[PDB]
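Everything below concerns the one structure shown next.
What is reported rests on the model, the rules as stated and the sources as named; no laboratory instrument gave them. Here the Cβ is made from the backbone with ideal geometry for all residues, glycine too, and neighbour counts use every protein chain on show.
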Amino acid sequence: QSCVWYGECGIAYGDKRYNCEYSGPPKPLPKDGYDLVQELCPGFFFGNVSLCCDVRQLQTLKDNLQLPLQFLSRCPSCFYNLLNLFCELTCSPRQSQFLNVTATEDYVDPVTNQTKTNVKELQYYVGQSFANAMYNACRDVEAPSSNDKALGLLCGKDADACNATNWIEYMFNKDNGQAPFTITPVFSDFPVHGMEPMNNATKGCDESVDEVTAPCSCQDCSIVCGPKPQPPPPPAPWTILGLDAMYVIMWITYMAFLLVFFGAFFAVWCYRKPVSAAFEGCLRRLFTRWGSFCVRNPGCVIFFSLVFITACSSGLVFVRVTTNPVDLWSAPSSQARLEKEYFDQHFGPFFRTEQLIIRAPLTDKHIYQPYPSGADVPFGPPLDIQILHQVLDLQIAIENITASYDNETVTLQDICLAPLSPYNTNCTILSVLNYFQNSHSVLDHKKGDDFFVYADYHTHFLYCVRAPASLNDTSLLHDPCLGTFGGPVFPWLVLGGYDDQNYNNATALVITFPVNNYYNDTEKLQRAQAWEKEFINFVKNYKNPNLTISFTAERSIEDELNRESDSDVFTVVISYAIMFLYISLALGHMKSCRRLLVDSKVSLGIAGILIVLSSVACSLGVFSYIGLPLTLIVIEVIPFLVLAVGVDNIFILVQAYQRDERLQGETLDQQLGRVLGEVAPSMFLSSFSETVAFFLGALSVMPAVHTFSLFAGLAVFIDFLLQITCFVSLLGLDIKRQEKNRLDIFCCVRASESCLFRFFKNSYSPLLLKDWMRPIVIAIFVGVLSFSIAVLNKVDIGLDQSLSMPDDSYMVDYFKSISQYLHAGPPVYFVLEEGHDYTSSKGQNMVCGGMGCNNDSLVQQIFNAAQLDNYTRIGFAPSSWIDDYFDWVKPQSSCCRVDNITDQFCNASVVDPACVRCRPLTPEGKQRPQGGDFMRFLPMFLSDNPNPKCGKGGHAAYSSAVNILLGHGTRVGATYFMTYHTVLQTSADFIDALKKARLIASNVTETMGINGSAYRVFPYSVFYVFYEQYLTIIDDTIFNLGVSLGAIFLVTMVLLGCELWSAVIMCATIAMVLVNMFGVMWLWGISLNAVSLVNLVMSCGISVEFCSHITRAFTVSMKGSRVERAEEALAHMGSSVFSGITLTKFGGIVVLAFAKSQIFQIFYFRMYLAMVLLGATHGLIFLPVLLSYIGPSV
Ligand SMILES: CCCCCCCC/C=C\CCCCCCCC(=O)O[C@@H](COC(=O)CCCCCCCCCCCCCCC)COP(=O)([O-])OCC[N+](C)(C)C
Ligand SMILES: *[C@@H]1O[C@H](CO)[C@@H](O[C@@H]2O[C@H](CO)[C@@H](O)[C@H](O[C@H]3O[C@H](CO)[C@@H](O)[C@H](O)[C@@H]3O)[C@H]2NC(C)=O)[C@H](O)[C@H]1NC(C)=O
Ligand SMILES: *[C@@H]1O[C@H](CO)[C@@H](O[C@@H]2O[C@H](CO)[C@@H](O[C@H]3O[C@H](CO)[C@@H](O)[C@H](O)[C@@H]3O)[C@H](O)[C@H]2NC(C)=O)[C@H](O)[C@H]1NC(C)=O
Ligand SMILES: *[C@@H]1O[C@H](CO)[C@@H](O[C@H]2O[C@H](CO)[C@@H](O)[C@H](O)[C@H]2NC(C)=O)[C@H](O)[C@H]1NC(C)=O
Ligand SMILES: CC(C)CCC[C@@H](C)[C@H]1CC[C@H]2[C@@H]3CC=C4C[C@@H](O)CC[C@]4(C)[C@H]3CC[C@]12C
Ligand SMILES: *[C@@H]1O[C@H](CO)[C@@H](O)[C@H](O)[C@H]1NC(C)=O
Ligand SMILES: *[C@@H]1O[C@H](CO)[C@@H](O)[C@H](O)[C@H]1NC(C)=O
Ligand SMILES: *[C@@H]1O[C@H](CO)[C@@H](O)[C@H](O)[C@H]1NC(C)=O
Ligand SMILES: *[C@@H]1O[C@H](CO)[C@@H](O)[C@H](O)[C@H]1NC(C)=O
Ligand SMILES: *[C@@H]1O[C@H](CO)[C@@H](O)[C@H](O)[C@H]1NC(C)=O
Ligand SMILES: *[C@@H]1O[C@H](CO)[C@@H](O)[C@H](O)[C@H]1NC(C)=O
Ligand SMILES: *[C@@H]1O[C@H](CO)[C@@H](O)[C@H](O)[C@H]1NC(C)=O
Ligand SMILES: *[C@@H]1O[C@H](CO)[C@@H](O)[C@H](O)[C@H]1NC(C)=O
Ligand SMILES: *[C@@H]1O[C@H](CO)[C@@H](O)[C@H](O)[C@H]1NC(C)=O
């Protein structure tokens, strides 16, 4: 071997210097540029260099490799081969084997008068199997700020006809302007002239160069990237013979019923062609005696009852109302609640977001034409320069807002969050103007001379949507796009309306203002909300006819719902007023026109209404004393229920008395005691059946059903007691009044067979019970039940979240804008709990997405999930911190650097006095820092800032994502890897996201193989606490309804004697009522949530109020046949049940039909109408017939 040239003494032009000829042996390197030899091509570094090379040559080589390094360094396997073509060309130790100089001439030294030999020209023999493997591995490298091929900018011509041989000729040719002298390559695989070219090892875009440099991406290599992933979409519909397969199982279940049912009548119709009485008797006697007592001791009874009422209802002073949505919709110990408790403790609560979807409707899209060459690039309307200036003006004004609070000003700079503070304090604003750093200057500056612009803001936008974490454009612009706060701005968070990569086509601009959310602190939260109110007002009063903004504040949903939840109290008040008017006017039988205001029960009806309201208030007050807080579901469903039950009892009693004829020689208190002893068992059965049902239903973990059950049970019981005592005393007093000829309400001025009882008895009961009508009724009701069972499993789950808002609100527009434009959703945090090692090869492989770490690790699994992005609603990559930590610590990167004597972190921008690299640049140092080096360099990484020479640093993104536990070796605590969800528009979307995130977390926890369950991965998102209730709502409904109905069943079959048949008939009728309630749900579009569940558990209590009465009046009867017993029970009890509860609630609902609120008109008006009329029909038209048919004899 031998050399051809050494040193650089000649000069071509500018600074280009021709290498100086020397054909001696290879020089031992001067020990000066060892760093360079390990940076250019370490293939020569095995010390005893004896390199033909020169330190003045190595450092002049690197200067020419500057631009080729920037483009081709994207793909390590490419730039690797490119270097092997240069070192050997310049200073390899066997240079003479593959080189032959051609043109040289003497050079004069201005230093010694010594003529030096320059190297003017020469030819370079390169193998063909080398140039093909080189060009073929780089042809796929894409350029920055474009989708072209990187060779198009390095060939000297189009990248469409770049042969592998012409590209090498252009690089060595001085015609480009870089080569100080041109080298003529000679391509040949076989030795010619006794001279055989060089062919060193080569690597493709798929093979990795080192056990630490990951292979090339399929963006930059066509062979690495294969078949896309795909999930199997299961619909899981049965569709027996073409239709839903449930529509059919029933219609076949029904046709069978009419034939097996109508096939027995027409079959027979052609054929004809001791302990119970002991418990049912002591109750009558007890109630008779106590009724007489209460009728002859009104003063004592009423006084003690009023004292009790006051003692119980004075607890309303301690009344608390629950409005915080977390406490409302989240169980205090649910999985999501514990996860939120864990995340808020180790990482601080999730922040508050104020977004802004700006759009330019007037402007049109325009075309961008690159100067040198390239296809046209169209830009959306909002990406116009004028619209960008106006949006920058709007944002700078949004920063003004001060929003004084508590006699102090509250600026955004004060409330927002700055990741890397107090070094940099601006704060996180996520807009597309951060690419230009919120500067009109940086946005409006172009580089070029007339007739064309070299660069423009289009070029910067295109470059930075591709690489949003750069610190300089480094190509004809030299501007960073990191953002004033420090840290990348991802194009999918700041744009909307494009198509899958083309942020050029964006039609909307998103602008987020992250604000701190505080964990157990109220002064700061008040400050944030006080600033948000002024932000909302400002954005609402901004005209800018060029823009259409759809905004939101963190405090906006709560305000919109508190604004819609009123202006209908004027309707509820009229509803209750009409209910009370009817109750007051209907208790009294007329019997005469000239005797009206004397036989009137207005005062007694007022007393009954007051007793009912008193029962409500005593329940609320007792539970206020105990400490249970109220709720807006309770405050609305308790009055309805308690009024229904109380009015039913009042009418039952008053009418059972009015239709009674007094025996002779029998006094008033004895007559009333007899009437009450014969009427009280039914009211007691109903009251006990409902109380036990509700109290027993207060076992669920749903905060909406638990509190409601408690409140309603106590109210029903207290109302029963207050009635049985106070109302009987007042009934005795009013009977005295009416017998002493005293006039009605004003004062002291001196049998009935009600018109309804004469209708149910004379025209309705006989007709309904004829032999040609009972089968019709049963057929119709079984058909409706069959329909309900068929369309049952098609009921929705969840609440829309757009119907809780008024229709004239801006949140409706914001939701439309989200669904129509946004491409990202709420962020997800896959929190890896405390207990992982992180300081071992395997402990790191389980978490990596990288070179050597496993293929099923946490980061790789989240990456796959994001590759699905439709099955798994995870849209983007995990963005792990440990990969960035390793990239930072790698010696090549050379961001880490410690002080030599102090072992202190020398920044990457430092005078370089005595600071050495953290990891030695050797084969052992390349590896990951697995031992104590990991934990010795991690804190310095997390404290590093975004240095222009280093890169992004690990402070603005991971200081909060990594928890370090000082003391005891200072291990790592809990950490998270945060990604983003896909746009979630409906409750189905949110529940689907919750399910599949949980699935991914469980998969990762499985693969990690933890000893026991010491720790685990879990995802945290903001809406998880609000949507975790819909993951068990079906079984919650099942449990609640079944338990409530079984309690009703047992209580009935116990109190009513022991008749299981009567109890089972009643239970079956109430189950029918519930199934038909679900059918009406499906048919009118009511959804299954914590409001519908409360209304169903409530209806379970009015079904009883109808059935129990009708069925008990039938059971305890001594008529002859079932038909006559049924019609007698119907007349007697159903005349009071139809007039008391049915007509009252019907007037109420008909007044309530004018609600003006969607949540109300959907979940209360419709549910109440359905419940009331369904229960009325079922009881009064199906208990009669079913009992007539299969009732218990006696
Ligand atoms: C001891 C035994 C206990 C356990 C077993 C008990 C089982 C038997 C007991 C009761 C019946 C059980 C029915 C299960 C529901 C269907 C299951 C299913 O396929 O999921 C469906 C749930 O469908 C819904 O979303 C609404 C379902 C609510 C059912 C509640 C019935 C309770 C009342 C009954 C009466 C009183 C009950 C209490 C009396 C005891 C899937 O629905 P989806 O896909 O979300 O819908 C959207 C579809 N869409 C887009 C096309 C519109
Ligand atoms: C979304 O953005 C893409 C760009 O990534 C748009 O694609 C471009 O479409 C415009 C339409 O005017 C074309 O100007 C451009 O095509 C240019 O190059 C071809 C050469 O093949 C030339 O024949 C055309 O005259 C033009 O100069 C497209 N560029 C590319 C590379 O696709 C696309 O239109 C946008 N989508 C929508 C829905 O607007
Ligand atoms: C990812 O998301 C969807 C899979 O669940 C699916 O969305 C696509 O885009 C829109 C969504 O509204 C729809 O496409 C429309 O236009 C096509 C013509 O190509 C019609 O055939 C459709 O009926 C529809 O009107 C589809 O819902 C769907 N099709 C596309 C892409 O247009 C995507 O296909 C999914 N893709 C992947 C790879 O995840
Ligand atoms: C955000 O903080 C940055 C520093 O991180 C500030 O930087 C700018 O300061 C001036 C504007 O007030 C500009 O004239 C400077 O050119 C710019 N800094 C540099 C690097 O030159 C900036 O003030 C803060 N906010 C804004 C609105 O930019
Ligand atoms: C714009 C593009 C073409 C530039 C990329 C090609 C450049 C980097 C290539 C082509 C020719 C090469 C040069 C050829 C000759 C020498 C002299 C030697 O003693 C040091 C290396 C040096 C200085 C090379 C540096 C890299 C080089 C300049
Ligand atoms: C270069 O790559 C192409 C792939 O398109 C292949 O067809 C060709 O055989 C390769 N030539 C080589 C490796 O010499
Ligand atoms: C509002 O912001 C502007 C921006 O330059 C600033 O000049 C002004 O002092 C701020 N306060 C105002 C206008 O009250
Ligand atoms: C604000 O505080 C100062 C100092 O306590 C006080 O003098 C001033 O009156 C306060 N402002 C108002 C409006 O009360
Ligand atoms: C970005 O611009 C050039 C291009 O690479 C680079 O040399 C420079 O160091 C960078 N900017 C700064 C401020 O260092
Ligand atoms: C709106 O656009 C017009 C036309 O570009 C411009 O003159 C005006 O300043 C913009 N802003 C307004 C009208 O507030
Ligand atoms: C993932 O795990 C290991 C990789 O080392 C291997 O056994 C397994 O086949 C890999 N899976 C796939 C699909 O390649
Ligand atoms: C770099 O480190 C030095 C250490 O003295 C510090 O002064 C400087 O602010 C740092 N620069 C950054 C973090 O950008
Ligand atoms: C750094 O410290 C080591 C150990 O004392 C020493 O050998 C080395 O020469 C020092 N380097 C510099 C640049 O001072
Ligand atoms: C968990 O892994 C199984 C098989 O390894 C896979 O079928 C399932 O889809 C994974 N869960 C996800 C991707 O959520």
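Identify the residue in the range 899-929 that is within 12 Å of ligand 13 (Cβ to nearest atom) and not hydrophobic (A, V, I, L, M, F, W, C) and, among all such residues, is nearest to residue 851 (Cα to Cα).
Among those that are within 12 Å of ligand 13 (Cβ to nearest atom) and not hydrophobic (A, V, I, L, M, F, W, C), it is 917.
I'm checking my understanding of the structure. Among residues of the range 93-146 that are among the polar types (S, T, N, Q) and in contact with a helix residue (DSSP H, G or I) (Cβ under 9 Å, 6 or more places away or on another chain), which one is surrounded by the most Cβ atoms within 10 Å (Cβ to Cβ)?
Across the range 93-146, the extreme among qualifying residues is 95.
If I ask for residues that are touching a helix residue (DSSP H, G or I) at 6+ places or on another chain (Cβ under 6 Å) and under 25 Å from residue 1173 (Cα atoms), which ones from the range 1046-1064 would you list?
1047, 1048, 1049, 1052, 1062, 1063, listed by residue number.
Yes or no, residue by residue, for (1) surrounded by 20 or more Cβ atoms within 10 Å (Cβ to Cβ); (2) assigned to a loop (DSSP other than H, G, I, E, B); (3) within 16 Å of ligand 10 (Cβ to nearest atom):
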position: 458; (1), (2), (3): yes, no, no
position: 471; (1), (2), (3): no, yes, no
position: 479; (1), (2), (3): yes, yes, no
position: 501; (1), (2), (3): no, yes, no
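Kindly establish whether residue 1113 is part of a helix (DSSP H, G or I), crowded, with 22+ Cβ neighbours inside 10 Å and either more than 27 Å from the chain's Cα centre (by Cα) or outside the structural domain of residue 647 (by TED's automatic domain parsing) (or both).
It is true that residue 1113 is part of a helix (DSSP H, G or I), crowded, with 22+ Cβ neighbours inside 10 Å and either more than 27 Å from the chain's Cα centre (by Cα) or outside the structural domain of residue 647 (by TED's automatic domain parsing) (or both).
Could you give every pair whose Cβ atoms fall below 7 Å, whose first residue belongs to the range 75-101 and is within 21 Å of residue 140 (Cβ to Cβ), and whose second residue is surrounded by fewer than 22 Cβ atoms within 10 Å (Cβ to Cβ) and hydroxyl-bearing (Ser, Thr, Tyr), counting only separations of at least 6 or pairs across chains?
76/213; 79/73; 81/202
Among 855, 870, 864, 845, which is the only one that is touching a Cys at 6+ places or on another chain (Cβ under 6 Å) and either within 16 Å of ligand 1 (Cβ to nearest atom) or not aromatic (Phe, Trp, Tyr) (or both)?
After ruling out the rest, the residue left standing is 845.
Would you check which residues across the range 602-627 are under 16 Å from residue 726 (Cα atoms) and part of a loop (DSSP other than H, G, I, E, B) and list them?
none
Which number in (1) farther than 23 Å from residue 1021 by Cβ; (2) surrounded by 21 or more Cβ atoms within 10 Å (Cβ to Cβ) marks the one condition that residue 851 misses?
(2)
Are any of the residues in the range 802-811 surrounded by 19 or more Cβ atoms within 10 Å (Cβ to Cβ) and in the same structural domain as residue 1142 (by TED's automatic domain parsing)?
No, the range 802-811 contains no residue that is surrounded by 19 or more Cβ atoms within 10 Å (Cβ to Cβ) and in the same structural domain as residue 1142 (by TED's automatic domain parsing).
Please state which one of 1022, 1043 is under 17 Å from the mean Cα position of the chain (by Cα), more than 16 Å from ligand 14 (Cβ to nearest atom) and not hydroxyl-bearing (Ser, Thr, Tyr).
1022
Listed residues 189, 160, 244, 175; which is away from ligand 9 (no atom under 16 Å from the Cβ), more than 30 Å from residue 845 (Cα to Cα) and in contact with a helix residue (DSSP H, G or I) (Cβ under 6 Å, 6 or more places away or on another chain)?
189
Return the pairs, sorted by first residue and then second, in which the second residue is among the basic types (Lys, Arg) and more than 16 Å from ligand 14 (Cβ to nearest atom), the first residue lies in the range 376-401 and is more than 16 Å from residue 494 (Cα to Cα), the beta carbons are less than 7 Å apart, and the residues are 6+ apart or on different chains.
Correct list of pairs: 378/365.
With 1071, 1126 as the choices, which residue is closer than 22 Å to residue 764 by Cβ, among the small types (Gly, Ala, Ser) and more than 16 Å from ligand 13 (Cβ to nearest atom)?
1126
Among the listed residues 296, 272, 289, 285, which satisfies the condition of being over 36 Å from the mean Cα position of the chain (by Cα), more than 16 Å from ligand 5 (Cβ to nearest atom) and exposed (fewer than 10 other Cβ atoms within 10 Å of the Cβ)?
272
If the requirement is being part of a loop (DSSP other than H, G, I, E, B) and within 16 Å of ligand 6 (Cβ to nearest atom), which of these qualifies: 140, 109?
140
Which one of these does residue 387 not meet: (1) within 16 Å of ligand 10 (Cβ to nearest atom); (2) crowded, with 20+ Cβ neighbours inside 10 Å; (3) closer than 30 Å to residue 518 by Cβ?
So residue 387 meets the others, but not (3).
Can you give me the number of residues within the range 748-765 that are surrounded by fewer than 15 Cβ atoms within 10 Å (Cβ to Cβ) and in a helix (DSSP H, G or I)?
Counting residues in the range 748-765 that are surrounded by fewer than 15 Cβ atoms within 10 Å (Cβ to Cβ) and in a helix (DSSP H, G or I) gives 4.
I'd like to know if the range 992-1003 contains one or more residues that are within 16 Å of ligand 11 (Cβ to nearest atom), under 18 Å from residue 838 (Cα atoms), in a helix (DSSP H, G or I) and not charged (D, E, K, R).
Checked the range 992-1003: no residue is within 16 Å of ligand 11 (Cβ to nearest atom), under 18 Å from residue 838 (Cα atoms), in a helix (DSSP H, G or I) and not charged (D, E, K, R).
Could you run through the range 164-188 and say how many residues are out of contact with any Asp or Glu (no Cβ under 9 Å at 6 or more places or on another chain) and outside any strand (DSSP E or B)?
Number satisfying all stated conditions: 16.
When you check residue 587 against the structure, is it touching a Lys or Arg at 6+ places or on another chain (Cβ under 6 Å) and of a type in the set (A, V, I, L, M), yes or no?
Against the criterion (touching a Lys or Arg at 6+ places or on another chain (Cβ under 6 Å) and of a type in the set (A, V, I, L, M)), residue 587 qualifies.
Could you name every one of the strands (runs of 3 or more DSSP E) located completely within the range 349-416 that has at least 2 residues being closer than 20 Å to residue 540 by Cβ?
It comes to 356-359.
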